[PDB]
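Numbering (the UniProt record's numbering), first residue to last: 1 to 156.
No residue lacks a Cβ here, since even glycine has one placed at the ideal position from N, Cα and C.
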Amino acid sequence: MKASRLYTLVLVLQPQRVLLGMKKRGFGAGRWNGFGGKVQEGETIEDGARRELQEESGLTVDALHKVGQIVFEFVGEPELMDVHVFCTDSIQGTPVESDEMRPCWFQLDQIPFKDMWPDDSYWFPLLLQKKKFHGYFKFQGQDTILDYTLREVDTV
Ligand SMILES: Nc1[nH]c(=O)nc2c1ncn2[C@H]1C[C@H](O)[C@@H](COP(=O)(O)O)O1
Ligand SMILES: [Mn+2]
Ligand SMILES: [Mn+2]
Ligand SMILES: [Mn+2]
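See below:
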């Protein structure tokens, strides 16, 4: 049994495009990803997701909907990353570059999978189909999956 730390991941998914951020520094730098980060003490997971979306993309939203949960394990790290995944189609304002992220829209036939975390190739398609999911991925380093599980669920 391991301990796990809570993180959020937020996808702004519209009918024909999705907003991703190019991670400019830190964990997973150089990859397009959803917006998010560690949940802080006192806030709900959803509100932590809203906070990180605002900080990293400039977008304020009143609500997010939970679409999945993914646990990440890295060789040599005893702590698991428990990532709660949220979506919304409804945004106010324009995305703004932050120190952490450069936001960019992608058409839904141009999802940049080769420049995203490898796990996204497995669970992102479920997100696009408006399905809910639970996943687990064990990584050697940043590039290599050694074991994983992915399951569609009716309730996250
Ligand atoms: N394997 C992975 N696939 C993915 O799509 N996002 C990941 C990830 N591993 C971590 N993340 C996300 C979760 C958080 O939004 C963020 C890690 O927290 P910060 O580096 O503090 O933003 O990266
Ligand atoms: Mn952050
Ligand atoms: Mn943070
Ligand atoms: Mn972050």
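The continuous stretches of alpha helix (DSSP H) do not include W117, and DSSP gives it neither H nor E. Distance check between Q142 and each of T149, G93, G26 places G26 closest, using alpha-carbon atoms only.
When the Cα atoms are used, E46 and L64 turn out to be separated by approximately 7 Å.
Those residues that have a beta carbon less than 7 Å away from any non-hydrogen atom of ligand 2 are, in order along the chain, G36, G37, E52, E55, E56, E100. For the set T60, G68, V156, the Cα lying nearest the Cα of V96 is the one of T60. In this structure, the alpha-carbon of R102 lies about 5 Å from that of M22.
Annotation for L80: the continuous beta strand (DSSP E) segment containing it runs 80-88. Put simply, of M81, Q40, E52 the residue whose alpha carbon is nearest the alpha carbon of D62 is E52. The beta carbon of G93 sits closer than 7 Å to the beta carbons of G58, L59, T60 from its chain, once the five residues preceding and following it are set aside; these are given in chain order. The Cβ-Cβ distance between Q140 and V75 falls below 8 Å.
Annotation: the continuous beta strand (DSSP E) that includes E73 extends over 65-74. With a contact defined as Cβ atoms closer than 8 Å, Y7 and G37 qualify at about 6 Å. By a beta-carbon distance limit of 8 Å, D89 does not contact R31. Their separation comes to about 23 Å. Sorting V83, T144, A3 by C-alpha distance to the C-alpha of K66 places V83 at the top. Minimum Cα-Cα distance from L20 among the listed residues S98, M81, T44, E73 corresponds to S98.
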